[PDB]
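> I'd like to ask some things about the structure below.
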Amino acid sequence: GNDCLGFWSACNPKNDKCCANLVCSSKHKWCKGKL
């Protein structure tokens with residue numbers, strides 16, 4: 001079914017597949033918390 005990533009999980013700035021409403025930092029390139 002669904003598929004997402006956790007926290008501090010590497011991802012793509014063009015395709016954010018993070019969970020918990022996380023954010024894919026285009027800098028660190030990971031699922032961080034949108035401040």
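Each chain in the structure tokens gets a letter, A, B, ..., in the order shown, and its residues are numbered from 1; ligands are numbered from 1 in order too.
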Using backbone DSSP assignments, extract all strand (DSSP E or B) residues from chain A; output them as a list in words.

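Those residues are residues 5, 10, 18, 23, 24, 30, 31 and 32 of chain A.
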
> Could you name the residues that touch residue 8 (chain A) at 12 Å or less, counting only C-alpha atoms, but leaving out those on the same chain fewer than 2 positions away, as an NGL selection string?

:A and (5-6 or 10-11 or 18-20 or 22-25 or 28-34)
